[PDB]
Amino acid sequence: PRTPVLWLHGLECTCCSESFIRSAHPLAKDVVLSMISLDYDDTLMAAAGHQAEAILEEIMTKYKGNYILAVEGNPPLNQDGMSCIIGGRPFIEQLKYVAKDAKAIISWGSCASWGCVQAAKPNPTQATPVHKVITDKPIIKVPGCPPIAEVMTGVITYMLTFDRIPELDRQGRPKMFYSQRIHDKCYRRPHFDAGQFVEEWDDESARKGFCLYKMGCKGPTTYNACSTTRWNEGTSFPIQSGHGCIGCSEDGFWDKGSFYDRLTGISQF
């Protein structure tokens, strides 16, 4: 018997769902067919409307305190919650109802973890991360916009193998994936250490892969696995393809100034 997963969607862009299906090790196909039972998920599920709604009740009853609630996106508190409507009711009512009997709650991505783009100033919907709404349940944050595919399936794999939540840091992120800053093992680090920087896009320095700190790279303050695990079966990551890290796994990264403004106090890094 495979662990039921109820994957809800609030206000979101659906990047985390797309990232999940990019996983190569393990394949999303193998996760869905052989590891979990993905019983509710608006993206992929056959049933709609009343028939979809009926699944939630059925799984919650049969697997009370033995299903995982995965949340992509977040609930809005403005517009009486009706800036995100599910079944004619505010999303926040669905979130709270399904959270009630979950064994564990996964906050997929920056939206669920922190707020992401809709929570950037002035946050017209008062979009609010899951942990500020659901306060009486264990929540694992898997931030990033989206998180790396193998980080997402890695969290699932750990939880299914051990039936435990992995060790979390102070911010509720799994240490197995979020213990390193990008800047720790970034392959451009020798250039940083030698003061070798890009100053304008496509200058000679950019063509030699010099450090992107002066182009606004937020790797020195951003915790993720991008410099080692990398993206799409280790094909590249933002810095390898020539753009600085924009800090996308960090709380409130949209409101820490322009992405192209450099960090101050370079001597701290």
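Each residue number is its position in the shown sequence, starting from 1.
Here 59-67 and 45-53 are compared by their mean Cα B-factor, and 59-67 comes out higher. As the entry records it, the average C-alpha temperature factor is higher for 127-135, out of 142-150 and 127-135. In the deposited coordinates, the residue among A119, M82, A112, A194 with the greatest CA B-factor is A194. In this PDB entry, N74 carries a Cα temperature factor that places it within the lowest third of its chain's modelled residues. In the PDB entry, a CA B factor belonging to the middle third of its chain's modelled residues is recorded for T228. In the deposited entry, the Cα temperature factor of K218 sits in the bottom third of values across the chain's modelled residues. Among the modelled residues of its chain, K256 has a C-alpha B-factor that falls in the middle third according to the deposited record.
In the deposited entry, the Cα temperature factor of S34 places it in the highest third of its chain's modelled residues.
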